[PDB]
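Notes follow the structure.
Each chain gets a letter, A, B and so on, in the order its sequence line appears, and its residues count up from 1. Computed from heavy atoms alone, side chains included, the values below leave out hydrogens, waters and symmetry copies. Whatever order the structure lists them in is the order used to number ligands and atoms, beginning at 1.
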2 protein chains.
Amino acid sequence: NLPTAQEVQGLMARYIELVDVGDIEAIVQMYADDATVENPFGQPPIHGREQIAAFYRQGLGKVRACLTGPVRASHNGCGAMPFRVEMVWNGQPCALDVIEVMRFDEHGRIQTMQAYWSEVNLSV
Amino acid sequence: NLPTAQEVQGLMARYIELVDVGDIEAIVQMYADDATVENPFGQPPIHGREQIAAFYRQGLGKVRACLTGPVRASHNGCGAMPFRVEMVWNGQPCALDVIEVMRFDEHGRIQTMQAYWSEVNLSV
Ligand SMILES: C[C@]12CCc3c(ccc4cc(O)ccc34)[C@@H]1CCC2=O
Ligand SMILES: C[C@]12CCc3c(ccc4cc(O)ccc34)[C@@H]1CCC2=O
């Protein structure tokens, strides 16, 4: 905990900006060294900056990301947000609806991220 | 951890429907008998149907609720959804934006629920 409810809304909106531009290195600097990511939730986790970097380089190396509603934030450093990811799959233009939950540490870095989505949230 | 992702989407949308109509009986029964709920997340857990039913008894005891986006569903019995609650803050109508994350058991009942929101999500 520590970042405020207001700080958490901003940190999370910023994360979506970076994904939308595709600035891979800025994204990764947002995560704690030790951060763990579960994306999609239900999969073995990604542990550490290095492994986390790999996901973004591979997934983000023509993708667009837009928040589709307000960031919901608590007072113990956690937040949840709904967004859409636009991409192209084998020529097929797709959109994926996702909801992510994040826990920030005292330095304002992402310690934990979990993403909720599956094929049922895939759209053409 | 057994309803399918499509089943999760349906269970969760039903729950918003019952909340909307105020069917407190039907809601409580959606929960496991020893389910735990954190609403708001950050607040200590209310446990077991009796305690959970008290939340809905008094909370919903001119409240409207509606999904404001698709229910995101995983493959391990978890789902997350964005919705808004409309109530009255003494005299004036306001709205609250919430995101809830739910885990279901083999019986299709809510074993856990976490509600993400704070004052930053309240608009008059
Ligand atoms: C990897 C991916 C692109 C980006 C992306 C996906 C899923 C969840 C995400 C969550 C994020 O916080 C940021 C980016 C993604 C997609 C799944 C299919 C695909 O092409
Ligand atoms: C109790 C309440 C009405 C309903 C409600 C609130 C907060 C979270 C909720 C989560 C639910 O899954 C269902 C209903 C609510 C509101 C807080 C202020 C208020 O009037």
Using a 3.5 Å cut-off and no angle test, enumerate the donor-acceptor pairs between side-chain atoms of residues 34-42 of chain A and protein atoms at least two apart in sequence or in another chain.
from, atom 1, to, atom 2, distance (Å)
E38(A), OE2, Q114(A), NE2, 3.4
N39(A), OD1, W117(A), NE1, 2.9

query = Could you give the distance from CD1 (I99(A)) to CZ (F83(A)), rounded to the nearest 0.5 Å?
reply =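 So the CD1 of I99(A) and the CZ of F83(A) are separated by 9.5 Å.
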Donor-acceptor pairs under 3.5 angstrom involving side-chain atoms of residues 7-15 of chain A: please list them, not counting sequence neighbours.
from, atom 1, to, atom 2, distance (Å)
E7(A), OE2, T4(A), N, 3.3
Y15(A), OH, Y56(A), OH, 2.4

request  = Return the minimal non-hydrogen interatomic distance between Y116(A) and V101(A), and the atom names on each side.
outcome  =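 That closest heavy-atom pairing would be CE1-CG2, 4.3 Å.
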inquiry  = Enumerate the salt bridge (charged side-chain N to carboxylate O under 4.0 Å, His left out) contacts for residues 63-89 of chain B, please, sequence neighbours excluded, ordered by first and then second residue.
reply    =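 Applying salt bridge (charged side-chain N to carboxylate O under 4.0 Å, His left out) to every pair that reaches into residues 63-89 of chain B, excluding sequence neighbours, yields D20(B)-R64(B), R84(B)-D97(B).
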Enumerate, one pair per line, all nitrogen or oxygen atoms of ligand 2 lying under 3.5 Å from a protein nitrogen or oxygen, stating the separation to 0.1 Å; write 'none' if no such pair exists.
from, atom 1, to, atom 2, distance (Å)
ligand 2, 12 (O), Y15(B), OH, 2.4
ligand 2, 12 (O), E100(B), OE1, 3.4
ligand 2, 12 (O), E100(B), OE2, 2.5

ask   = Considering residues, nucleotides and ligands other than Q6(A), do more than 12 of their heavy atoms fall under 6.0 Å from its CD?
value =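 Not buried by this count: 12 neighbours or fewer within 6.0 Å.
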